[PDB]
Amino acid sequence: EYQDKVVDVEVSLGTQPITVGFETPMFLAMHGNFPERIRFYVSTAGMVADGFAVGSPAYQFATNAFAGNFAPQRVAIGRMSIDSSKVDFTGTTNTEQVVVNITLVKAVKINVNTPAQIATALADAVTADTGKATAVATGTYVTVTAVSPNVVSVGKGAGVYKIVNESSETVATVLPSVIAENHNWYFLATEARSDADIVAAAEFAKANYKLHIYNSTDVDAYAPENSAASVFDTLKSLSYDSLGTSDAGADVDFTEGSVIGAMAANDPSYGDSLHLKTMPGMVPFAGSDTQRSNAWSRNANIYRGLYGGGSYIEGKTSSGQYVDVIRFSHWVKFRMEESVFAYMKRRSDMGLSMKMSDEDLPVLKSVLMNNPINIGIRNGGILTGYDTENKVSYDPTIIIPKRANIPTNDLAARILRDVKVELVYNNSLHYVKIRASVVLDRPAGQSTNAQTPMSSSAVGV
Amino acid sequence: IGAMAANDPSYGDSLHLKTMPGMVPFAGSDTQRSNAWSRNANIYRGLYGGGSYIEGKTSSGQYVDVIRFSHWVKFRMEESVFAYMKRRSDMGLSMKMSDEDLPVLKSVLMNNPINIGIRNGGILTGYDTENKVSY
Amino acid sequence: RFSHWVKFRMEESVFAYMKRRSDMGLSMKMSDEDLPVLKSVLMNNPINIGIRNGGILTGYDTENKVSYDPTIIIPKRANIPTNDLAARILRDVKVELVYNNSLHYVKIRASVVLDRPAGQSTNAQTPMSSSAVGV
Amino acid sequence: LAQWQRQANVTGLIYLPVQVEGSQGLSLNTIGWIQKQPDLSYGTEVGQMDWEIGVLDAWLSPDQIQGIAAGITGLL
Amino acid sequence: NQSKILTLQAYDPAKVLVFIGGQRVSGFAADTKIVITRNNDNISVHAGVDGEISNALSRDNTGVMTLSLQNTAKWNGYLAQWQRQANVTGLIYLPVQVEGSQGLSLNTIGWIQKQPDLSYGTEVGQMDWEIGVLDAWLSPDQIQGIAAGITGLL
Amino acid sequence: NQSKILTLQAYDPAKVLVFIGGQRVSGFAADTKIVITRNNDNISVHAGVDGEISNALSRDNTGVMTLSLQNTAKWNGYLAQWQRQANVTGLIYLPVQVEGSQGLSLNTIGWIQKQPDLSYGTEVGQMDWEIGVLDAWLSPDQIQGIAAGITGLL
Amino acid sequence: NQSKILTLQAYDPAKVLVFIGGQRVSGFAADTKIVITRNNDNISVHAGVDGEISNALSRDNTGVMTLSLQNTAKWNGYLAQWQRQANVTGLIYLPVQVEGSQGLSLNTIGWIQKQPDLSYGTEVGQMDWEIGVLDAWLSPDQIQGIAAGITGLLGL
Amino acid sequence: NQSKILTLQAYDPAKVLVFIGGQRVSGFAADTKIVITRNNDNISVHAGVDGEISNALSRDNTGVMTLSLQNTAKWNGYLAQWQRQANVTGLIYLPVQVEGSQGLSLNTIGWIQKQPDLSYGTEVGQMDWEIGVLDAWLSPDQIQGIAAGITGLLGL
C-alpha cells in the first residue's frame, strides 16, 4: 500500500465507538431477503441495507435488543418463506398512517371515519402507485403479496394497527434446518405466535439445551385461575421450561428483544436474577391488582411500574423454577464440557494422550476445580463454608473412580463413567417484610434484670 | 385539603389553629361546641377576628397528625429499601441473603426515612430520667 | 472549523516528535516501553491548548451521569497484527473530545406589576422533592 | 475513591454514608467524606496507601453487646 | 470463606515507566523508586461550638514527586544541564507522565524544585531529585470498571 | 528484559580528588568523605486560591561542603594556620575544586565557615571541617553527551 | 441535640465569581480572595439626661472591597490602564458584581480607590487593590426560604 | 475549572533592572529589592445629607521607593557623594527607571529623600534608601494584550 500522509486522522461527530463475550439470540422471522436460513447482523442499519423495511418484525426485534443495558453486539435472524402479508385495522385510529413499504423503498400515505374506509383507501394508493405488487382490501384489512420473485417488505409507523405475516412452513419442520447451518446461538424467539407453533418450539429448545422466550397479548393470561384457555396453562401442564411474560405490544413491537437485551451479557456465574431489572421499551402492566394475582399463579411474568420507573417482577419459568437457576444449570453444563475437552486436546496434540490409570485420572480434580468451580466462588454464585443447623459443610466435592472399579466392558469402549460432583447455589433476595412501631409518650420503665439470659428451662425430664 | 397537601409530615406539625380560606366561623353556643367535641366532629371557630381550625381529631379519637405520620413512615420506608435493591440489580450484583450484605440495610434505613425525621424534629431522641429509658 | 483544526494540529505534533527522535538516531520503536509516550505528546500540543481557551469541555454531567474528560487509548504490542509489523504501521489509536457551544439566541419573560408584588404563602418548610405515594 | 474525589470536586456533593460493624466490639454509623488523599510509593515490595476519611460524629455505639446496666451503675 | 488473590498479574517495578520531557528515565536506586505526595488537605472542616459543621474544597493541587537515582546515571547530568539552561533562559516547565503497572497513574506538567545533596563514600550513594507537579490527582485509567455512579446513597 | 550495568568503570573513592588552594587533600576519615548541600530551594511556588500558580527562580547559590578528616592529619594544622592568618590579615577566599570519578563535579571559590569539635577518647576520632562555597551548582563535565536540546516538549 | 450539617454541598472558592466591568477576574493569590467591609456603623446611639435612648439610622452606605492578586496577572495591567484613562478623561464609575457560593452576594457600582504597592522580592509578591463601592448591603438572593422567615420575626 | 499556570516563564529577581542617573544598580540585600508605594489615595469620598456620594480625583502623584542595599556596595558612596553635591549646588533631580519582569514598570524623575542609618554589628548590615519619585503610576508596558482589554470594559 501507499500512504500519502505520515499521520492520518479520522474525525467524526456524535459519539465515540462502543467487544465482550455474549450469547447471541436468534429470531425466526418470515421474509425472503436472502436464500440462506441464518445470518448475523451487528446493527439495525445493516438490516435495512439488506432490504428490510423499517418497522418490520425483524427490524423491531433488533432495535430493542441493542437498547438494553446488557445488550449483545450481534443478533441472528432466521428465515421462513412468506406466502402473503396482512395489515389489520380492527381498531380506531384518527391520524395519518405512514405505512412504510419497500420493493427490491417508498412510504405509502393514508388519511383519515371508519376502519373500512381507511383500509379501502390504502389499497387504492398501493395500486397505481409499481404494477408488480398485489394489494386488495377485504372488509377491515388489506392483504399484500408479491406477484413475482421480488422482495417486498411492509413496515410500520404513525398509525394504529399491526402487521401479520403468514407462511406455509411450520415451525416444527423449519428448526431442524436452521440449526444445520449454524449452532452458535443460545436464546430462541419466534415470530409465528400461534398456540401450536409456540409449543413446538418449546419442545425443540428443551431437547437442544436452548432457552425459549415469548411474549403474548392473550387476555386469558390474567383471567381467573379456573379458565385454562391460555398458552401459559398448556406449558405449565407439560412441565416445559420457557420464560413467558404478558405484554400488550407483544405483536406490535415484539418486545422479546427488550427481555433478551437484559440477559445477553449477564454471565450466570454471579447468580443474579431478572427481579427488578429494567426493560427499556415495554409498558407497565395495568390490570388492577387481582389480575396481577391471577397472572402470578399462571407463571406469566408481568412488567410493572413502581415509583416512577419500570420493574420486571420475578422470572419464574413455566414449570415454576426461577430462571436464574435454569441459566446456572446450563452454565454449569457448558463450562465443564469445554474445560475437560480442552484439557484432553492439549494432551492429545502433544503425543502424550491421556490414559486410564490411577496415576492420571486424579488430575481431573485440578482441572474441574480450576475453570468452572473457582470462577463461581470468586463471583459469589457458589456457596461455601459451614451450616450451623444441618451441621454440614457446603464445600464442593469431586469423586473419581479407580481402574480396579471400572468394568471390563468400559475399558474396551474407552469411556469413563460415574464422575460425581456437588455444588450449592446462592439465592438472591426478592421480598422483605418490616414490623415498625411508634411510641407516643413516656414508655414505662423496663425490667431491671441484669443477668445473662438462661437459654433453656431446667425442667425437661 | 388546601391546608394539608404541601404540609410535610416529617415536622410533626399539627392541624391545630391553621386557617381555612373559604370556610365560615361556627355559630353554635358554648354548650354546642362541647357536644360536637365529644362527637369527634371538628369545628372551624373564629377567635380574635380570625378563623382557626380546632383539634384536628379523627373519628376514632386519634389525632390526625399521628395518623399522617404513620402513613409517611410506611410509604417512605419501603420506597428507600426498594430503590436500593433496584440499583444493585441493575448493576448485576443483586442483593443476596448472607451475613455479609444484610447489615447494609441499617445504613439505608438511617438515610432516607430516619435522619430526615430527626433534623425536622418529628422524631424524638435523647434520654428520659423518669422512665430511665433512651429514645 | 474546529474539526479541521483538531486534525491538522494533531498529526503535526505527533509528526514533529517522531522527527526529533530520528534526528538523534534513537528513532521510535513499536514496543510497550515507548508507545505510551504518545499520551504526553497528544496532551501537550492539541489538547491542553484547547482547554485553556475553553474550546474543549471538561467536568461531570449529572443528567447523563457521564464525565467529559478526554481519553486516549494506545494498542499494545500483543494486539498488532503480524502484517502491520512488516509494513510498520500503527493504527486503532483512539481519542475522545467534547465541544463547547456558543450562545446565539436569548429570550426574556418580563413582568410589570401595578398594585402589589405577588404575595407568597407563609409555608416556611423545606420544599419536598418527591411524592410519598409511588404505586 | 479517586473517581469519587474528582466527581465530588467538579459537582459539589461530597457527603456519603459510612457504617462500620464490629465483630465483638463497638460500632459506628454516621456520614463521612474524603478528607486527605494518601501518598503513592513504588518500590521493591507492594506498598500501602492510607486514605483519611472524616466523620461527622465519632461516638462508638455498643449495639451488638446485650445488657442494660448503665441505669444500675451510678451512685452520683 | 477462602482467601482471594486480588490481581491476576504480579506487580512488576520495571513496568512503572517514568517519562520526563518525552524520554524514559533509567538508573533508579534501591528501596523506593517514586514517591508522590500532595501539599494540603483536600477538604477542610470548620467545626462549630453548637455542632453545625461546614466544609470547603481545596483549589490547590501542588505536589512534590521524589525521584531517587544513582550517582553513576547520566540523568543526573541531564538534570543539571536542564537546570542551568532553565536558569539562564527562563523556560522551566516540561511535561511529566507516570504509568503504573497495576495502580494509579499521573500526567501533568512538572519542574525541578530542589537539587539533592551529593555524598561520596565507601559505597555508591543515592541522590533524590525533588520534582514538583502542577496537579497531583492520581488517575485510575488503567483499571476497568464504572461503579462510581452505582455507589453513593447520598 | 535483562539487567544492564550502568558504567563500564567501577566507582573508586581514591579518584575523587579534592583541591583546596592548589594542593591535594589527604587523610580523610571513614564512612563518608565529601558532603555537598545547597541552602535554599531552586524554585519557589506561590499557590493561589483559585488555582493559578506562579514560580520564581532563586538567585542564591550558597552551599556548605563538609570535609571529614582524622585527628592525625597535617591538614588540620594547615586549616588552623590558614584560619589564624585569614583572621589577622583579612583575605579569606581561596579556590576549591572537586573532581568526581563517575559523577558530578564542582569548581567555585570557598572559605572556612565553622571549625569542628575536637574529641579525645579510646579510639581515633573524627573532625568535620565545614567549608562554604559561593555557588553549589554541580557540573556534568566528565560525562559525554548532549541530549538537553533533544529532551523537552515544553 | 446532636450534630448537624449546615448545608448539603461544600463551599467552593472557585465557585465565587467576581465581575468588574463585565469580565470575570482571575489571578487571585494567597488565602484571601476578596474582603467586603463598610465604613460606618448602621446606627449611632446617644445617651439622654434621664435614661432615654435615641437611635439614628445612617444614610451613608459606601464601603471598600480589597482584591488580592498576584503581580503576574494581566488584570493588574487592565486596572492600571483604566486608572490612567479615568484620570485623563473623568469616567471612573464601572459596575461591580460578586456572586457568592452558599453566602451573601453583592451587586452595585464601584470605582478604583487606591493603587497598591509593588514589592519585588525572592518570592512572588501580592498586590491588594482597594475598590470602593456605592452600596454595600449584602443580598441573600440565592439562599432560599428567606421571604417566609422575614415575616416570622416579631417586634414592637 | 482546573488549575492553570499564570505565565510561561518564571519571574526572575535578577531580570528586574533598576536605573538611577543612567547606570544599573547592583548590591541588593536580604529578601526585598525595591518597594514602590504612593502617598495619598486616588479618590476621596464624602457623604451627603440625603444619601448622595461625591467623589474627587486626586491631583498629587508623588511616591516613595525604598532601595535596600548592603553596606559593602559602592552605590552607597555614589549616593552620598550625590547628596553632598546636591546640597552644595542645588541640582537634585535625576531620572529613575525600573524595568520589571512579568510585572508593572516605572519611568519617571526621582530624588533622594532621606539618608538611612548605619548599624555596625556582628553580621553584615542593611541600608534602606528612600527615593522619592514625581509620578508613581505603574505602566503595563511589556504585558501584551492590554489595549484590546481596556476597550472591553463596560460602564455608565
# chains A, B, ... in the order shown; residues from 1 in each chain; ligands from 1
>>> interface_residues(of="chain B", to="chain G", cutoff="12 Å", atoms="only C-alpha atoms", output="NGL selection string")
:B and (115-116 or 118-121 or 123-127)
>>> residues_around(residues="residue D:28", least_positions_apart="6", cutoff="12 Å", atoms="only C-alpha atoms", output="PyMOL selection string")
(chain B and resi 106-107) or (chain D and resi 17-22+55-64)
>>> write_last_selection(atoms="N, CA and C atoms", output="short mmCIF file (atom, residue, chain, number, x, y, z; two decimals), in the first residue's frame")
data_model
loop_
_atom_site.label_atom_id
_atom_site.label_comp_id
_atom_site.auth_asym_id
_atom_site.auth_seq_id
_atom_site.Cartn_x
_atom_site.Cartn_y
_atom_site.Cartn_z
N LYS B 106 -29.10 -1.24 57.59
CA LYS B 106 -29.09 -0.22 58.64
C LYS B 106 -28.73 1.15 58.07
N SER B 107 -27.75 1.20 57.18
CA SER B 107 -27.37 2.48 56.58
C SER B 107 -28.47 3.02 55.68
N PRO D 17 -22.79 8.10 53.14
CA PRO D 17 -22.90 7.39 54.41
C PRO D 17 -21.73 6.45 54.65
N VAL D 18 -21.41 6.26 55.92
CA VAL D 18 -20.34 5.36 56.35
C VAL D 18 -20.85 4.55 57.54
N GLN D 19 -20.72 3.23 57.47
CA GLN D 19 -21.14 2.35 58.55
C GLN D 19 -20.08 1.28 58.76
N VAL D 20 -19.71 1.06 60.02
CA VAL D 20 -18.72 0.06 60.40
C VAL D 20 -19.36 -0.86 61.44
N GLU D 21 -19.31 -2.16 61.19
CA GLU D 21 -19.87 -3.16 62.09
C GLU D 21 -18.74 -3.95 62.73
N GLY D 22 -18.67 -3.91 64.06
CA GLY D 22 -17.65 -4.66 64.76
C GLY D 22 -18.01 -6.12 64.95
N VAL D 55 -15.40 11.87 59.70
CA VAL D 55 -16.77 11.51 60.06
C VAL D 55 -17.40 12.67 60.82
N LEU D 56 -18.71 12.84 60.64
CA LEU D 56 -19.43 13.92 61.31
C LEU D 56 -19.41 13.72 62.82
N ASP D 57 -19.75 12.52 63.28
CA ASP D 57 -19.75 12.19 64.70
C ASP D 57 -18.94 10.91 64.89
N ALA D 58 -18.15 10.87 65.96
CA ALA D 58 -17.25 9.76 66.22
C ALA D 58 -17.63 9.00 67.49
N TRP D 59 -18.91 8.98 67.83
CA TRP D 59 -19.37 8.25 69.01
C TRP D 59 -19.50 6.77 68.67
N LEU D 60 -18.80 5.92 69.42
CA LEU D 60 -18.89 4.48 69.22
C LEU D 60 -20.11 3.93 69.95
N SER D 61 -20.79 2.98 69.30
CA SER D 61 -22.07 2.50 69.80
C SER D 61 -21.98 1.04 70.23
N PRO D 62 -22.39 0.73 71.46
CA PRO D 62 -22.40 -0.67 71.92
C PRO D 62 -23.70 -1.39 71.59
N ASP D 63 -24.08 -1.41 70.32
CA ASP D 63 -25.36 -2.00 69.95
C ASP D 63 -25.31 -3.53 69.97
N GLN D 64 -24.17 -4.11 69.59
CA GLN D 64 -24.09 -5.56 69.45
C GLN D 64 -24.12 -6.26 70.81
#
>>> closest_residue(among="E:96, E:52, E:32, E:110", to="chain B", atoms="only C-alpha atoms")
E:52
>>> residues_around(residues="residue G:112", least_positions_apart="6", cutoff="12 Å", atoms="only C-alpha atoms", output="ChimeraX atom specification")
/G:20-21,63-67,78-87,91-96,128-134 /H:41-45,55-57
>>> residues_around(residues="residue H:38", least_positions_apart="2", cutoff="8 Å", atoms="only C-alpha atoms", output="list in words")
residues 115, 116 and 117 of chain G; 36, 40, 41, 61, 62, 63, 64 and 136 of chain H
>>> write_last_selection(atoms="N, CA, C and O atoms", output="CSV table (one decimal), in the first residue's frame")
chain,number,residue,atom,x,y,z
G,115,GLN,N,-4.1,52.7,44.6
G,115,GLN,CA,-3.3,51.7,43.9
G,115,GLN,C,-2.4,51.0,44.9
G,115,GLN,O,-1.8,51.7,45.8
G,116,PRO,N,-2.2,49.7,44.9
G,116,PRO,CA,-1.3,49.0,45.8
G,116,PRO,C,0.1,49.3,45.6
G,116,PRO,O,0.5,50.1,44.8
G,117,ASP,N,1.0,48.7,46.4
G,117,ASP,CA,2.4,48.9,46.4
G,117,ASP,C,3.1,47.6,45.9
G,117,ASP,O,2.9,46.5,46.5
H,36,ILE,N,7.7,50.1,46.0
H,36,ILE,CA,7.1,51.3,45.4
H,36,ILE,C,5.8,51.5,46.0
H,36,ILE,O,4.9,50.6,46.0
H,40,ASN,N,-0.8,59.3,48.8
H,40,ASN,CA,-2.3,59.5,49.0
H,40,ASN,C,-3.1,58.6,48.2
H,40,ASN,O,-2.6,58.1,47.2
H,41,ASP,N,-4.3,58.4,48.5
H,41,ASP,CA,-5.3,57.6,47.8
H,41,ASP,C,-5.6,58.4,46.5
H,41,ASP,O,-5.5,59.6,46.3
H,61,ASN,N,0.6,63.0,42.8
H,61,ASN,CA,1.0,61.6,42.4
H,61,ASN,C,2.4,61.3,42.9
H,61,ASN,O,3.0,60.4,42.3
H,62,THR,N,3.0,62.0,43.8
H,62,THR,CA,4.3,61.7,44.4
H,62,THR,C,4.2,60.4,45.1
H,62,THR,O,3.2,59.9,45.6
H,63,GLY,N,5.4,59.7,45.2
H,63,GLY,CA,5.5,58.5,45.9
H,63,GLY,C,6.9,58.3,46.5
H,63,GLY,O,7.7,59.2,46.4
H,64,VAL,N,7.1,57.1,47.0
H,64,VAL,CA,8.4,56.7,47.6
H,64,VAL,C,8.9,55.4,47.1
H,64,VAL,O,8.1,54.6,46.7
H,136,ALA,N,4.1,58.2,40.1
H,136,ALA,CA,4.1,56.9,40.6
H,136,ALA,C,3.0,56.0,40.0
H,136,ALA,O,2.5,55.1,40.7
>>> interface_residues(of="chain G", to="chain D", cutoff="12 Å", atoms="only C-alpha atoms", output="list in words")
residues 2, 3, 4, 5, 6, 7, 8, 9, 10, 11, 12, 13, 14, 15, 101 and 102 of chain G
>>> write_last_selection(atoms="C-alpha atoms", output="short mmCIF file (atom, residue, chain, number, x, y, z; two decimals), in the first residue's frame")
data_model
loop_
_atom_site.label_atom_id
_atom_site.label_comp_id
_atom_site.auth_asym_id
_atom_site.auth_seq_id
_atom_site.Cartn_x
_atom_site.Cartn_y
_atom_site.Cartn_z
CA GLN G 2 -26.90 16.19 68.15
CA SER G 3 -24.62 17.48 65.39
CA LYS G 4 -25.96 18.66 62.05
CA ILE G 5 -24.57 19.54 58.63
CA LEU G 6 -25.31 23.19 57.89
CA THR G 7 -25.58 22.72 54.12
CA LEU G 8 -25.68 19.96 51.50
CA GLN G 9 -22.88 20.97 49.14
CA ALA G 10 -19.50 22.27 50.28
CA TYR G 11 -18.39 25.86 49.84
CA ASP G 12 -16.03 26.09 46.87
CA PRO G 13 -13.74 29.13 46.45
CA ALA G 14 -13.61 28.75 42.66
CA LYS G 15 -17.41 28.97 42.50
CA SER G 101 -21.40 30.49 46.94
CA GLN G 102 -23.55 29.47 49.92
#
>>> residues_around(residues="residue D:65", least_positions_apart="5", cutoff="9 Å", atoms="only C-alpha atoms", output="VMD selection string")
chain D and resid 24 to 26
>>> residues_around(residues="residue F:83", least_positions_apart="2", cutoff="12 Å", atoms="only C-alpha atoms", output="ChimeraX atom specification")
/F:75-81,85-94,111-115,129,131
>>> residues_around(residues="residue H:126", least_positions_apart="4", cutoff="10 Å", atoms="only C-alpha atoms", output="MDAnalysis selection string")
chainID H and resid 28:30 68:72 116:120
>>> write_last_selection(atoms="N, CA, C and O atoms", output="PDB file, in the first residue's frame")
ATOM      1  N   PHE H  28      21.974  44.686  45.987  1.00  0.00           N
ATOM      2  CA  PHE H  28      20.765  44.498  46.772  1.00  0.00           C
ATOM      3  C   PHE H  28      20.993  43.448  47.859  1.00  0.00           C
ATOM      4  O   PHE H  28      21.950  42.674  47.825  1.00  0.00           O
ATOM      5  N   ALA H  29      20.088  43.428  48.838  1.00  0.00           N
ATOM      6  CA  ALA H  29      20.298  42.633  50.036  1.00  0.00           C
ATOM      7  C   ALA H  29      18.988  42.014  50.499  1.00  0.00           C
ATOM      8  O   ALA H  29      17.900  42.413  50.077  1.00  0.00           O
ATOM      9  N   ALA H  30      19.119  41.028  51.380  1.00  0.00           N
ATOM     10  CA  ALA H  30      18.012  40.400  52.122  1.00  0.00           C
ATOM     11  C   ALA H  30      17.024  39.808  51.113  1.00  0.00           C
ATOM     12  O   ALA H  30      17.447  39.197  50.121  1.00  0.00           O
ATOM     13  N   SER H  68      16.957  48.738  49.071  1.00  0.00           N
ATOM     14  CA  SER H  68      17.676  48.015  50.114  1.00  0.00           C
ATOM     15  C   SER H  68      19.030  47.575  49.572  1.00  0.00           C
ATOM     16  O   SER H  68      19.102  46.871  48.561  1.00  0.00           O
ATOM     17  N   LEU H  69      20.100  47.980  50.249  1.00  0.00           N
ATOM     18  CA  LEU H  69      21.457  47.677  49.826  1.00  0.00           C
ATOM     19  C   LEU H  69      22.298  47.229  51.013  1.00  0.00           C
ATOM     20  O   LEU H  69      22.019  47.571  52.166  1.00  0.00           O
ATOM     21  N   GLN H  70      23.335  46.455  50.715  1.00  0.00           N
ATOM     22  CA  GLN H  70      24.339  46.112  51.708  1.00  0.00           C
ATOM     23  C   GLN H  70      25.250  47.303  51.959  1.00  0.00           C
ATOM     24  O   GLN H  70      25.420  48.170  51.099  1.00  0.00           O
ATOM     25  N   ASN H  71      25.844  47.344  53.146  1.00  0.00           N
ATOM     26  CA  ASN H  71      26.765  48.448  53.401  1.00  0.00           C
ATOM     27  C   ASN H  71      28.144  48.196  52.853  1.00  0.00           C
ATOM     28  O   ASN H  71      29.095  48.853  53.287  1.00  0.00           O
ATOM     29  N   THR H  72      28.292  47.258  51.919  1.00  0.00           N
ATOM     30  CA  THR H  72      29.565  46.990  51.268  1.00  0.00           C
ATOM     31  C   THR H  72      29.505  47.313  49.775  1.00  0.00           C
ATOM     32  O   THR H  72      30.390  46.915  49.012  1.00  0.00           O
ATOM     33  N   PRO H 116      19.651  56.689  55.024  1.00  0.00           N
ATOM     34  CA  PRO H 116      19.412  55.620  56.002  1.00  0.00           C
ATOM     35  C   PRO H 116      20.331  55.707  57.206  1.00  0.00           C
ATOM     36  O   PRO H 116      21.131  56.637  57.325  1.00  0.00           O
ATOM     37  N   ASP H 117      20.222  54.737  58.109  1.00  0.00           N
ATOM     38  CA  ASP H 117      21.018  54.698  59.327  1.00  0.00           C
ATOM     39  C   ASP H 117      21.955  53.499  59.276  1.00  0.00           C
ATOM     40  O   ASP H 117      21.507  52.368  59.061  1.00  0.00           O
ATOM     41  N   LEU H 118      23.244  53.750  59.473  1.00  0.00           N
ATOM     42  CA  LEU H 118      24.218  52.678  59.576  1.00  0.00           C
ATOM     43  C   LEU H 118      24.052  51.934  60.893  1.00  0.00           C
ATOM     44  O   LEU H 118      23.561  52.480  61.883  1.00  0.00           O
ATOM     45  N   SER H 119      24.469  50.669  60.896  1.00  0.00           N
ATOM     46  CA  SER H 119      24.446  49.861  62.114  1.00  0.00           C
ATOM     47  C   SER H 119      25.537  48.805  61.987  1.00  0.00           C
ATOM     48  O   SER H 119      25.330  47.773  61.344  1.00  0.00           O
ATOM     49  N   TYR H 120      26.688  49.069  62.596  1.00  0.00           N
ATOM     50  CA  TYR H 120      27.780  48.107  62.606  1.00  0.00           C
ATOM     51  C   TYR H 120      27.544  47.084  63.706  1.00  0.00           C
ATOM     52  O   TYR H 120      27.558  47.422  64.894  1.00  0.00           O
TER      53      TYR H 120
END
>>> select_by_dssp(residues="stretch 25-130 of chain G", states="strand (DSSP E or B)", output="PyMOL selection string")
chain G and resi 28+34-38+43-47+53-57+63-70+94-99+105-114+118-121+126-130
>>> select_by_dssp(residues="chain G", states="alpha helix (DSSP H)", output="count of residues only")
21
